[PDB]
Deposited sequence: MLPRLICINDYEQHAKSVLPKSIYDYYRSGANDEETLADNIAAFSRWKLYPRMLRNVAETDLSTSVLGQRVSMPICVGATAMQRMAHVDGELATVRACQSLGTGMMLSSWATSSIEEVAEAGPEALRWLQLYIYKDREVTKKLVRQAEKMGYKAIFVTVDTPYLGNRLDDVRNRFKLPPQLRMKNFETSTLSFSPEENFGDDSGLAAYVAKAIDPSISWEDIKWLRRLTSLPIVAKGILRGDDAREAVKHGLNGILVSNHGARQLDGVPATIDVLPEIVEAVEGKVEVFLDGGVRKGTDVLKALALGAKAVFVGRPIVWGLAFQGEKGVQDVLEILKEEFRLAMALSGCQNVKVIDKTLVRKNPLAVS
């Protein structure tokens, strides 16, 4: 079928996936108020484009935690990618390598840390981690990330328990509800790799993450799958950027579907954004080629949005490009 935007990929996915699998990937928590708002919030922020700036040579490149990327649009962690396509996380990492962007590998992946590193030897790769009740397993994963050339740890901190959208009983054995800032101190001592706190929604927590020596904040409501009725990530992003006072790089996920979403998040001070569901829809369409397609659509929507806004590169995207109304 002819797919020209990310929503077309989702609609294609709904048509080919078994209902249960599509619903698993689509769903948010409880009444799905935050799921709707992660998208609606982007539409409330309006763009104020500059004219006549010279955008002949647009350059989308940036850096994430000191590593160069082709665009400020990266693949976020999504569990069990082999349910969407046989090649799962291997298809995803190959697409990231082709695009020159980074892949955040899920802790619940249907491919090993080593298998993904060997599929995408030249790809920028990070590991998403939970601090499991079994701290030996946690340490083993960190050491394997270090050995297999992963460049950062994203520690997910918003899942002491799973959100309500016996598989959950199996995950309950793994996920530690007792995790505190003391366990973040332990993780910080365990590795010299950059660590990003994923799932922060409050400025005071972002300040605590900086105080604990972490290297970034991913402003995330876990794709609206954890606590329902939290705000949209794009709405909390300004408070978090303000709170960290430039000490660490702030990222965003939740609701990114269009190039204008990327532009609004960078205008409000995010270094880069991550996409979850759109990658899964790419896999459902055509594995590696479908992920490549989704990433290329986001890249060229972002390039156009930058050019129409008068931005020849990401360094000139400033706060006056957006206002909420």
> What ranges of the deposited sequence, counted from 1, have no C-alpha atoms in this structure?
Replying inline: 1-2, 168-203, 364-368
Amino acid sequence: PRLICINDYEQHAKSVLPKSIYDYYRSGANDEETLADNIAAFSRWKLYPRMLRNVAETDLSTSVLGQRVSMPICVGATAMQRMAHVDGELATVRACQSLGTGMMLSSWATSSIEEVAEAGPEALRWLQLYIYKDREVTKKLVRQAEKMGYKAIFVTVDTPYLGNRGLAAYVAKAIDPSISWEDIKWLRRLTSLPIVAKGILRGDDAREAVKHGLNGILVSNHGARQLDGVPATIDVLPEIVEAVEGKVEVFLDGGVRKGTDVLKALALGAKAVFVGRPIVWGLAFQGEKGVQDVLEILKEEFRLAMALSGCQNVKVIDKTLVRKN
From here on, numbers count along this sequence of modelled residues.
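In this text, the rigid core denotes the largest set of C-alpha atoms whose superposition between the two forms falls within 1.5 Å.
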> Core-superposed in 8 other deposited structures of this protein, which stretch deviates more in Cα positions, 96-104 or 169-177?
Replying inline: 169-177
> Is the mean CA B factor in the deposited entry higher across 81-89 or across 250-258?
Replying inline: 81-89
> Which wins on mean Cα temperature factor, 218-226 or 187-195?
Replying inline: 187-195
>> Given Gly166, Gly163, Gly76, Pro72, identify the residue with the highest C-alpha B factor in the PDB entry.
In response: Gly166
> Looking at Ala206, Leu237, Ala172, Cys96, which has the biggest Cα B factor in the entry?
Replying inline: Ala172
>> Looking at the temperature factor on the CA atom of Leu304, which third of the chain's modelled residues does it land in?
In response: lowest
>> Please say which third, lowest, middle or highest, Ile113 falls into when its CA temperature factor is compared across its chain.
In response: highest
> In terms of the chain's CA B-factor thirds, is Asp37 lowest, middle or highest?
Replying inline: lowest
> Mind checking which third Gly66 falls in for C-alpha B-factor across the chain?
Replying inline: highest
> In terms of the chain's CA B-factor thirds, is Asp158 lowest, middle or highest?
Replying inline: lowest
